[PDB]
Structure formats: C-alpha cells, structure tokens
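One chain comes next, on its own, written as structure tokens: the form deposited in one PDB entry.
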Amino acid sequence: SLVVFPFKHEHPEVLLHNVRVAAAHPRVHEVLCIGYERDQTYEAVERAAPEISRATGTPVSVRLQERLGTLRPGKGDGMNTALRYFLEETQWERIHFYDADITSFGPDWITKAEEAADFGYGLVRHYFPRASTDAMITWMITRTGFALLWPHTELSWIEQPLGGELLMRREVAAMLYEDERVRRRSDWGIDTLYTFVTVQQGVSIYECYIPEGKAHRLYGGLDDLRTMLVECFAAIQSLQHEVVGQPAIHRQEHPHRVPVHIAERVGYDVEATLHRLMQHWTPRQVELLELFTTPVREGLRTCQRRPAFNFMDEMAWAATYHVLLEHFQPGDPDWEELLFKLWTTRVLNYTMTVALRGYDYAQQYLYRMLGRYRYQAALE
C-alpha cells in the first residue's frame, strides 16, 4: 500500500513521527507526503526521508501538490495530486490517507484499514470519538445537508463524512480521480466530494473505529473555521441536483464508550465567538437577510447589538439551510460572512441548549436531529 500525508504548515516532528510509523508497517510499500509549498516542514521531511527509507526498507518521498482543480488551491489539489501519483506512477493496489497533524497515530490505524480492505470493502473510513462541541461543520453542515437532500441514501449515515483518514482500493481511487466533479474541488471541499461520489457510485464502505481518538490541531473562536465552513457548504450546494439511485453497502465498527479526556474538552472559545458575531457587519448582509424566515431575520439582526442565538433551533436551521442552498453565492464576501454568522448562531444555540446537558444527551440529540431532517425531507 501507499500511505499519503497531505501537509500545509505543520510541526516537522509531528509529521516525521507519523511517516516513521507508516514506513515501519509491514504492509506499507511507499510513503508519500504531499506539500502545499516548499516551507520549513517540506525541507525537514525531504532531509529526513532518505534516512527513513534506508532504516525501514520502504521508500519515502515528498512532493508539492499540482494545481488540478479550479477553486482555491488547497487540500483537494493535495489529495488529487496524490491520487495522480498513486495511479500513474505506482503499481500499488491500495492507497491510505492520514492528516499530517495527527498526534495519536499508530500501526493500529493502518492494520485495521488493511484488514477491512482484505474483507472486501472498496473504501475504509476511520472515525473517532468526539467532544460534544467538536465537528460542528460535520454535523450542522455536511450531515445536515446529506440528510435534507438525500434522506433515502446512506450519505447522512456516514459518521465523519469530512474525515481525512481513509483507505481506497485502486479502482475506487481511479474512479474518483477520473471524476471531474471531484477533480475540480481543489479546496476544503475535497472530503465531501470523495464521500459523496463513492456513495453515489455504490462503493462498498466500512467505517473503522479508532478508540484512542484523533488528537490534532485545536481551534480558538469559530472563525478559524470560516474558510472551511464556506467551502464545505459550497460543496454540498454544488451537489444539490444530484440523484442517488441506489445504492451502497455500508457497515460501521461498533463504537466504544468515549474516552474521558476526549469527552471532557470544550471545542471552542465561547466569549470570542459571541464577540465575533457582532463584527464585520455590512449594509448588504442586513439586506440579504430579507431572504430568510422572520425569526432568523430578526434573530441575526439583534447580533449587531448583542449576541442572539436562542432562535436558531433545529427547525430554523433547516429553514435557513434551504434558503442558503438556493441563494448563497460562493465567493461573495457578504454571503460568506452571512453564512458564517448564521452557522455561528446554530452552534451557539446547540452549545447552550444541548451540549450543556451532557455528552450523552448531546449525542442522542445530534442523531435524532438527522433523523428528523430525513423524515421531513422524505415527506415532500
């Protein structure tokens, strides 16, 4: 197998430790790191690589990403360059991807994926325990979108549709590389696209549970997720007219109880988030709210003077999601700020009325949210 680590700016020791782990693994025949640019990290890996490959007997290489997509040059270009490398320059049967900022990586992850793949699956997705306020794009954006647009499919049931840790066999990789919808998603939307297209093509999927979790880079206020947010949404919007006549085999490793240290952390800075909700207003944003239901429109307007979020419950969010699907303009700064404020209030609402009731309550709640979304969507 080929193992890939896409990296942008990361601590060299962190990624070098992972590369080391993969190279040492009996089933890994090559490690590739795909860089955004020739930085500190790049230089480090390149210097370490020859040594590592000699030590482990398995070749390690670094490359810059190629520009293959048409949106912002980001993670997509990174991953798809790896798909190209894999398909056009190696003979390997399987490719793994793992995010480079992972600090809890172990041979573990590789073994479990390889063993599922031996069982027959086309795509193996790793998924992890999560803190109740983690994964707010995954839930409020990706899984929500999937539930609302494709209720009868397996899409909304994928646990971590955004997750960078996965194993594809060669023909699944070939299919994804050759698809032009995926190819052009050069930005953060890449994972959404891999997820959507493998499901739509009926690839059989296994979700692998990694118990010790995914310990990686942590967030301040919500707005260091802002690009990713707009991009992940734009990805769902771009797919909204797709049909998914059937269907994919899909099994999930049964999850263990969350580790305590993972359940007991806050995924973001509340005070800062509340503050930011009052900032970067624009007469045009105010005007754009004329497109939304009254509670949401009054709701968000209040945010110019003081934080408001009680209004953004489940039902308001679904209403908001439809208006966004239909009017949101990718790349318009006002639409992007508006989507950001809107998602913010959904996350604050959820944090204060649900997450604050406990880990378990908040999981019951998210699952039951998707179900309600699916039911509602199936009804029209």
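Whichever C-alpha set is largest while still superposing within 1.5 Å between the two forms counts as the rigid core. Each residue number is its position in the shown sequence, starting from 1.
From this point on, the text means the form deposited in another entry, which you will not see here.
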Notebook entry, point to check: Given a rigid core superposition of the two forms, which one of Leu218, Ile249, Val260, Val266 has its CA shift by 2 angstroms or more between this form and the one not shown?
Noted result: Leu218
Margin query: Quick one: with a 3 Å or larger change, is the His216 to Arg357 CA distance smaller or larger in the other entry? Answer closer or farther.
Written below: closer
Check: Taking the shown form as reference, are the C-alpha positions of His216 and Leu348 brought closer or pushed farther apart in the other entry, with a change of 3 Å or more?
Finding: closer
